[PDB]
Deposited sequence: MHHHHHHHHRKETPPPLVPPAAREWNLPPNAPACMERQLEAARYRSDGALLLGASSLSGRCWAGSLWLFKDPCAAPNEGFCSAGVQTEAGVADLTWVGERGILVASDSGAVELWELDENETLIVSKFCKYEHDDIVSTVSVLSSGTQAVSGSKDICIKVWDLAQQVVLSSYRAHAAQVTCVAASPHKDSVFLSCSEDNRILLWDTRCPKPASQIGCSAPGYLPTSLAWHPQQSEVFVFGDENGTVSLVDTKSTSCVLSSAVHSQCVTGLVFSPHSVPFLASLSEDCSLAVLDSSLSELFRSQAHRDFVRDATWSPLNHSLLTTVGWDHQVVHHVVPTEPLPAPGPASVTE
């Protein structure tokens, strides 16, 4: 029960991310009931989540949390329903979660956010069809791009190229970006709408994307391998930290799956009773995998390697 930490946490757990030492960051939204808002939580004890009484730090946000990500070890970057991108930071003692800035630049819900390689900049996507590049130090928008024609579903930064990142929208476009080019967007080719993106950690030109129909595909920049992993939309794709990494896939079918290098299934968990929203691999125990969902469950899976 830390100070200025809410006594009750929102039901719809939206995001879960581990940092270096192994502490767990949680994002929750109130998607029903009287108040529609969100909260941020830090659990240095991953097995104690989602219990608020045994958390390290917590704070409330003015609106819901559609997406978040770490910014280093003490920074938390948040995509708010209010159209604002927010940056929170832990104090020196890591008992509070203080707001750094709250800038309202998107005209609709901010749906996705991602931190570039240098850690000094971030890219955001929103239902306002726009994609913005942020200067985390100056707390301003460096660029506002409008390449899509529908709402942006996901934006994912390149692991080592600070000017490269991916984005997918419901206009059926997957755009490869590079702010070094006069026209930074480039389309990658009829299929179903893409819904999730994940760069390959050990291959600069390789990434995977899921569609609204449950297919996970493996793509290279220039010449395709795909497998029907889920019966509904593919929500998230997160690679494991192993040398030859595994691929965890999420879906609205309330099921987690782990895939090998050839998109073949190795693990399967139906422990969730609602949508599965995020997944994060433990840095301490590379075989452990933690997922969260709207059923308010925080499951710690043992993935057989």
{"item": "Deposited positions lacking CA coordinates", "value": "1 to 26, 216 to 218, 253 to 255, 338 to 350"}
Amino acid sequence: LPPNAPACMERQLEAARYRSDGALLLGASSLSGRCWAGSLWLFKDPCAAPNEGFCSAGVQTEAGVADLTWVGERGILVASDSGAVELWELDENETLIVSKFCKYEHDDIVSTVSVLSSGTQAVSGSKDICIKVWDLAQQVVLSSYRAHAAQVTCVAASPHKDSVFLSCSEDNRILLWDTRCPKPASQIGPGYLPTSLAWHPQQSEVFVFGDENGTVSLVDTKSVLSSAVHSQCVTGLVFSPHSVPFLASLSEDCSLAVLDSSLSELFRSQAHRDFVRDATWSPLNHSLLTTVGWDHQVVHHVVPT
From here on, numbers count along this sequence of modelled residues.
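Between two forms, the rigid core is defined as the largest C-alpha subset superposing within 1.5 Å.
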| property | result |
| --- | --- |
| Core-aligned Cα RMS comparison in 6 other deposited structures of this protein - stretch that moves more, 81 to 89 or 214 to 222 | 214 to 222 |
| Of 89 to 97 and 138 to 146, the one with larger mean CA B-factor | 89 to 97 |
| Mean C-alpha temperature factor, higher of 214 to 222 and 151 to 159 | 214 to 222 |
| B-factor third for the C-alpha atom of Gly38 within its chain | middle |
| For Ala66, the third of its chain into which the C-alpha B factor falls | lowest |
| Third of the chain, ranked by Cα B-factor, where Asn51 sits | highest |
| Chain thirds of CA B-factor: placement of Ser204 | highest |
| CA B-factor ranking of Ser117, expressed as a third of its chain | highest |
